[PDB]
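Note: hydrogens, waters and symmetry copies are ignored here, and every other heavy atom, side chains too, is used. Here is the naming used below: chain letters follow the sequence lines, and residue numbers restart at 1 for every chain.
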Amino acid sequence: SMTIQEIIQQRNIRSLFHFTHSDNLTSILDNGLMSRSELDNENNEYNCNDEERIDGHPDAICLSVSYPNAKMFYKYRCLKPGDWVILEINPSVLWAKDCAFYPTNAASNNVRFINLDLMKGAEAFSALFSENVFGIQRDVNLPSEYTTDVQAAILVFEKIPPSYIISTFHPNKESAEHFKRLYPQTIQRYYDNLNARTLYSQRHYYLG
DNA sequence: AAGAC
Ligand SMILES: NC(=O)c1ccc[n+]([C@@H]2C[C@H](COP(=O)(O)OP(=O)(O)OC[C@H]3O[C@@H](n4cnc5c(N)ncnc54)[C@H](O)[C@@H]3O)[C@@H](O)[C@H]2O)c1
């Protein structure tokens with residue numbers, strides 16, 4: 001029975017991602033990622049996206065494996081103007097923190113009723129890579145590090161200190177340079193042309 | 001290209 005670590009090694013996973021509005025980035029680089037619950041209790045300021053939290057876990061931080069939830073991400077970029085960024089996170093989070101693993105969006109009826117304890121552990125992690133996820137047939141050519149369903153989600157039930165953030169992606173040079181001046185020990189990356197295959201792209205295009 | 005109920 002493979003461990004989470006052995007799955008990461010075997011599939012060549014190198015990145016977890018979390019998209020967020022640039023308005024949140026100072027707070028995140030200072031204090032780490034925190035759940036909506038934990039943000040409320042510390043009276044910290046945040047711009048959140050989800051009004052509903054149908055997942056039912058406002059004490060969880062939501063990540064992606066290898067590629068953002070491009071669908072949900074694009075939606076919220078349309079609804080909220082200004083610069084969005086993408087945090088890249090050490091895959092170590094998956095074993096070092098209290099994670100649940102969901103093969104599709106964690107708010108989906110297909111998964112959200114299951115005993116949360118069954119969604120922890122290497123068995124649930126491996127299901128992100130199944131040949132069929134609730135009707136999505138995994139493409140034979142999809143590289144091993146990608147989830148079958150682009151909306152596959154990691155719910156992290158504790159804070160993620162800023163040291164687990166390995167880089168941040170910006171939509172323009174000036175955003176990256178602003179945050180680099182503030183956090184000179186950190187890696188701040190950017191795209192010069194967004195007419196390109198970028199982490200802001202739909203995945204089918206990115207991998208095309 | 002626009003989640004989830
Ligand atoms: N953000 C993602 O990459 C992502 C990925 C996969 C799924 N989701 C789903 C969408 C939904 C949660 O929506 P989401 O948009 O993430 O809202 P949310 O309810 O978690 O809102 C929290 C917001 O606060 C932000 N935040 C975290 N730590 C801090 C901090 N220290 N200072 C300031 N802000 C902070 C975080 O980036 C996010 O925008 C769940 O149902 C998930 O299942 C989101």
Side-chain angles (χ1 to χ4, degrees), chain A residues 15-24 28 33-40 46-89 94 99-116 118-120 124-125 127-130 132-139 141-143 145-157 160 169-172 175 190-208:
Chain A
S15 305
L16 316 178
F17 292 111
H18 176 94
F19 63 87
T20 196
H21 195 280
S22 57
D23 287 355
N24 295 322
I28 294 164
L33 283 167
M34 292 175 214
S35 70
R36 181 183 291 180
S37 294
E38 195 164 337
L39 286 168
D40 289 356
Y46 59 107
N47 311 281
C48 61
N49 306 311
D50 196 346
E51 306 179 5
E52 318 286 12
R53 297 300 302 264
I54 298 154
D55 54 284
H57 303 295
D59 57 332
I61 302 159
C62 300
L63 312 178
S64 296
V65 184
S66 296
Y67 200 82
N69 184 337
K71 290 175 176 198
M72 179 183 160
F73 185 15
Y74 181 64
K75 169 181 171 185
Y76 279 112
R77 297 211 298 284
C78 292
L79 292 180
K80 181 178 179 182
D83 291 343
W84 288 80
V85 300
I86 314 136
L87 302 171
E88 183 188 15
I89 291 160
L94 298 179
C99 297
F101 301 96
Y102 296 83
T104 189
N105 194 306
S108 167
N109 281 340
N110 288 318
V111 294
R112 65 184 181 121
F113 299 122
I114 298 169
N115 182 354
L116 184 62
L118 297 179
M119 303 310 267
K120 299 192 159 174
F125 184 36
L128 272 59
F129 307 93
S130 326
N132 187 289
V133 175
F134 301 111
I136 303 168
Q137 194 67 25
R138 183 181 184 85
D139 178 335
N141 289 320
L142 187 64
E145 66 271 39
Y146 299 100
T147 66
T148 297
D149 185 336
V150 73
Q151 301 203 72
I154 314 295
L155 263 51
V156 188
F157 287 84
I160 301 165
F169 290 76
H170 296 258
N172 54 70
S175 182
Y190 68 92
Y191 297 101
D192 271 312
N193 194 352
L194 287 175
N195 305 289
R197 294 177 170 84
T198 78
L199 291 178
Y200 298 91
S201 298
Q202 302 302 313
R203 198 178 66 185
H204 60 260
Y205 170 60
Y206 189 80
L207 296 182

Problem set entry | Closest heavy-atom pair and its distance - A/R112, A/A107 |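 That closest heavy-atom pairing would be CD-O, 3.5 Å.
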For this session: Mind listing the closest non-hydrogen atom pair of A/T148 and A/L142 along with its distance?
Result: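 Closest approach of A/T148 to A/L142, heavy atoms only: CA-CD2, 4.2 Å.
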For [X] and [N], give me the distance from atom [atom1] to atom [atom2], rounded to whole Å.
X      : N     : atom1 : atom2 : value
A/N110 : B/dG3 : CG    : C1'   : 13 Å
A/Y76  : B/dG3 : OH    : P     : 8 Å
A/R53  : B/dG3 : CZ    : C1'   : 12 Å
A/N105 : B/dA4 : CG    : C1'   : 5 Å
A/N49  : B/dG3 : CG    : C1'   : 11 Å
A/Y67  : B/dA1 : OH    : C1'   : 10 Å
A/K80  : B/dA2 : NZ    : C1'   : 17 Å
A/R112 : B/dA4 : CZ    : P     : 12 Å

Exercise. Among residues 200-208 of chain A, which contact DNA chain B at a heavy-atom distance under 4.0 Å?
Worked result: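 Under 4.0 Å from DNA chain B: A/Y200, A/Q202.
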Problem set entry | A/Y102 and A/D149 side chains, donor-acceptor separation under 3.5 Å |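 A/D149 vs A/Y102: no donor-acceptor pair found between side chains.
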Exercise. So which one's nearest nucleotide on DNA chain B is more toward 5', A/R77 or A/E52?
Worked result: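 Looking at DNA chain B, the more 5' nearest nucleotide goes with A/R77.
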For this session: Output all residues satisfying ring pair (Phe, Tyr, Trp, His ring centres under 6.0 Å) with A/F157, sequence neighbours left out; order by chain, then residue number.
Result: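 A/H57.
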For this session: Please list, chain by chain and in numerical order, all residues satisfying ring pair (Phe, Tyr, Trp, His ring centres under 6.0 Å) with A/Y67, sequence neighbours excluded.
Result: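 For A/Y67, the residues satisfying ring pair (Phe, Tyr, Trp, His ring centres under 6.0 Å) (neighbours in sequence not counted) are A/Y206.
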Problem set entry | A/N109 side chain near B/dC5 phosphate (N/O to OP1/OP2, under 4.0 Å) |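 Affirmative; the distance criterion is met.
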For this session: Under 4.0 Å between any heavy atoms, over every strand shown, what does A/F73 touch: base, sugar-phosphate, or nothing? Just pick one.
Result: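 Result for A/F73 = nothing.
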Exercise. According to the interplanar angle, ranging from 0 to 90°, do the rings of A/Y200 and A/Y191 count as parallel (below 30°), tilted (30 to 60°) or perpendicular (above 60°)?
Worked result: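 Judged by the thresholds at 30° and 60°, the geometry between A/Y200 and A/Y191 is perpendicular.
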Exercise. Hey, what's the ring geometry for A/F125 with A/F101, parallel, tilted or perpendicular (30° and 60° as the breaks)?
Worked result: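 Judged by the thresholds at 30° and 60°, the geometry between A/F125 and A/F101 is tilted.
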For this session: Please evaluate the base of B/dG3 for a donor-acceptor partner in the side chain of A/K75 within a cut-off of under 3.5 Å?
Result: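 Donor-acceptor pair under 3.5 Å: yes.
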Exercise. Within the stacking criterion (centroid distance below 5.5 Å, interplanar angle below 30°), does A/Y74 stack on B/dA1?
Worked result: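 One would call A/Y74 stacked on the B/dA1 base.
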